[PDB]
(Lines of atoms letter the chains of each structure in order from A and count residues from 1; the text may use other names and numbers.)
(Lines give C-alpha, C1' and ligand atoms only; values in the text may rest on other atoms or scores of the structure.)
Protein backbone atom coordinates (compact mmCIF):
# COMPACT_ATOMS: atom_id res chain seq x y z
CA UNK A 1 0.00 0.00 0.00
CA UNK A 2 1.09 3.57 -0.71
CA UNK A 3 0.46 4.82 2.84
CA UNK A 4 3.59 3.36 4.48
CA UNK A 5 7.21 2.43 3.80
CA UNK A 6 8.99 -0.91 4.15
CA UNK A 7 12.67 -0.52 5.07
CA UNK A 8 14.93 -3.48 4.28
CA UNK A 9 18.56 -4.21 5.13
CA UNK A 10 20.90 -7.12 5.77
CA UNK A 11 24.46 -7.91 6.60
CA UNK A 12 26.91 -9.38 4.08
CA UNK A 13 25.17 -12.78 4.29
CA UNK A 14 21.90 -11.59 2.80
CA UNK A 15 22.46 -9.42 -0.28
CA UNK A 16 20.92 -11.78 -2.84
CA UNK A 17 17.82 -12.40 -0.72
CA UNK A 18 17.50 -8.68 0.00
CA UNK A 19 17.32 -7.83 -3.71
CA UNK A 20 14.86 -10.68 -4.37
CA UNK A 21 12.54 -9.46 -1.60
CA UNK A 22 12.89 -5.77 -2.48
CA UNK A 23 12.09 -6.27 -6.16
CA UNK A 24 9.28 -8.72 -5.35
CA UNK A 25 7.61 -6.14 -3.11
CA UNK A 26 8.20 -3.26 -5.53
CA UNK A 27 6.38 -5.24 -8.22
CA UNK A 28 3.47 -5.61 -5.76
CA UNK A 29 3.41 -1.79 -5.51
CA UNK A 30 4.76 -1.50 -1.99
CA UNK A 31 7.00 1.41 -1.06
CA UNK A 32 10.33 -0.33 -0.44
CA UNK A 33 13.50 1.32 0.85
CA UNK A 34 16.73 -0.71 0.63
CA UNK A 35 19.04 0.76 3.28
CA UNK A 36 21.99 -1.41 2.30
CA UNK A 37 24.53 -2.79 2.15
CA UNK A 38 24.86 -2.17 -1.58
CA UNK A 39 27.98 -4.27 -2.12
CA UNK A 40 29.59 -7.24 -0.43
CA UNK A 41 31.93 -6.85 2.56
CA UNK A 42 32.58 -10.24 4.18
CA UNK A 43 33.32 -8.58 7.54
CA UNK A 44 30.45 -6.09 7.89
CA UNK A 45 28.37 -5.90 11.05
CA UNK A 46 24.64 -6.68 11.25
CA UNK A 47 23.87 -4.20 14.10
CA UNK A 48 24.73 -1.25 11.87
CA UNK A 49 22.06 -2.27 9.38
CA UNK A 50 19.54 -3.38 12.00
CA UNK A 51 19.65 0.07 13.56
CA UNK A 52 19.26 1.78 10.17
CA UNK A 53 15.98 -0.06 9.62
CA UNK A 54 14.75 0.00 13.21
CA UNK A 55 15.44 3.71 13.68
CA UNK A 56 13.28 4.40 10.61
CA UNK A 57 10.45 2.17 11.86
CA UNK A 58 10.66 3.95 15.24
CA UNK A 59 9.58 7.21 13.53
CA UNK A 60 6.35 5.65 12.22
CA UNK A 61 5.97 2.58 14.39
CA UNK A 62 2.23 2.18 13.76
CA UNK A 63 2.52 2.15 9.95
CA UNK A 64 6.01 1.50 8.61
CA UNK A 65 7.62 -1.93 8.57
CA UNK A 66 11.13 -3.32 8.53
CA UNK A 67 12.69 -6.45 7.07
CA UNK A 68 16.12 -7.51 8.35
CA UNK A 69 18.27 -10.41 7.19
CA UNK A 70 21.30 -12.10 8.74
CA UNK A 71 22.71 -15.65 8.96
CA UNK A 72 20.13 -16.91 11.48
CA UNK A 73 17.97 -13.80 12.04
CA UNK A 74 18.99 -13.66 15.71
CA UNK A 75 21.39 -10.72 15.74
CA UNK A 76 19.21 -8.27 13.82
CA UNK A 77 16.27 -9.32 16.02
CA UNK A 78 18.19 -8.58 19.24
CA UNK A 79 19.38 -5.24 17.88
CA UNK A 80 16.07 -4.11 16.38
CA UNK A 81 14.21 -4.89 19.61
CA UNK A 82 16.49 -2.47 21.48
CA UNK A 83 14.85 0.38 19.53
CA UNK A 84 11.90 2.20 21.09
CA UNK A 85 8.59 1.29 19.51
CA UNK A 86 10.03 -1.63 17.54
CA UNK A 87 8.59 -5.14 17.86
CA UNK A 88 10.88 -7.47 15.90
CA UNK A 89 9.89 -11.07 15.16
CA UNK A 90 12.26 -13.80 13.98
CA UNK A 91 10.43 -16.08 11.54
CA UNK A 92 12.10 -19.09 9.89
CA UNK A 93 8.98 -20.99 8.77
CA UNK A 94 5.88 -20.01 6.86
CA UNK A 95 4.03 -21.79 9.71
CA UNK A 96 4.69 -18.94 12.17
CA UNK A 97 4.78 -15.98 9.74
CA UNK A 98 1.18 -14.79 10.06
CA UNK A 99 1.25 -15.25 13.85
CA UNK A 100 4.09 -12.72 14.15
CA UNK A 101 1.59 -10.11 12.94
CA UNK A 102 -1.64 -11.61 14.32
CA UNK A 103 -0.45 -12.08 17.92
CA UNK A 104 2.77 -10.08 18.27
CA UNK A 105 1.93 -7.01 16.11
CA UNK A 106 5.50 -7.12 14.84
CA UNK A 107 6.68 -4.13 12.83
CA UNK A 108 10.06 -5.69 11.96
CA UNK A 109 10.41 -9.12 10.34
CA UNK A 110 13.76 -10.87 10.87
CA UNK A 111 14.88 -13.60 8.47
CA UNK A 112 17.66 -16.16 8.11
CA UNK A 113 19.88 -16.11 5.02
CA UNK A 114 21.81 -19.31 5.85
CA UNK A 115 19.10 -21.69 7.11
CA UNK A 116 15.97 -20.80 5.11
CA UNK A 117 15.57 -20.94 1.34
CA UNK A 118 14.81 -17.91 -0.81
CA UNK A 119 11.44 -19.41 -1.70
CA UNK A 120 10.45 -19.95 1.93
CA UNK A 121 11.61 -16.44 2.87
CA UNK A 122 9.41 -14.93 0.13
CA UNK A 123 6.45 -16.92 1.48
CA UNK A 124 7.21 -15.70 5.00
CA UNK A 125 7.30 -12.09 3.79
CA UNK A 126 4.05 -12.46 1.86
CA UNK A 127 2.15 -14.04 4.76
CA UNK A 128 3.54 -11.51 7.26
CA UNK A 129 2.37 -8.62 5.07
CA UNK A 130 -1.04 -10.17 4.35
CA UNK A 131 -1.79 -10.94 8.01
CA UNK A 132 -3.46 -8.45 10.37
CA UNK A 133 -2.99 -7.89 14.09
CA UNK A 134 -5.85 -9.58 15.95
CA UNK A 135 -5.93 -7.16 18.91
CA UNK A 136 -7.86 -8.12 22.01
CA UNK A 137 -5.76 -10.06 24.49
CA UNK A 138 -2.79 -9.52 22.19
CA UNK A 139 -3.13 -5.75 22.53
CA UNK A 140 -3.03 -6.09 26.32
CA UNK A 141 0.22 -8.05 26.04
CA UNK A 142 1.91 -5.70 23.54
CA UNK A 143 0.88 -2.78 25.75
CA UNK A 144 2.87 -4.33 28.61
CA UNK A 145 6.01 -4.45 26.44
CA UNK A 146 5.54 -0.84 25.37
CA UNK A 147 4.96 0.27 28.97
CA UNK A 148 8.13 -1.48 30.16
CA UNK A 149 10.36 0.19 27.59
CA UNK A 150 8.79 3.62 28.15
CA UNK A 151 8.89 3.51 31.97
CA UNK A 152 12.16 1.65 32.64
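Residue numbers count along the first chain shown, from 1.
Remark: stretch with higher mean C-alpha B factor among 23-31 and 80-88 is 23-31. Comparing 90-98 with 106-114, the stretch with the higher mean C-alpha B-factor in the PDB entry is 90-98.
Per-chain ranking of the deposited C-alpha B factor places residue 141 in the middle third. Sort the chain's modelled residues by C-alpha temperature factor and residue 46 lands in the lowest third, per the entry. When the modelled residues of the chain are ordered by their C-alpha B factor, residue 9 lands in the lowest third.
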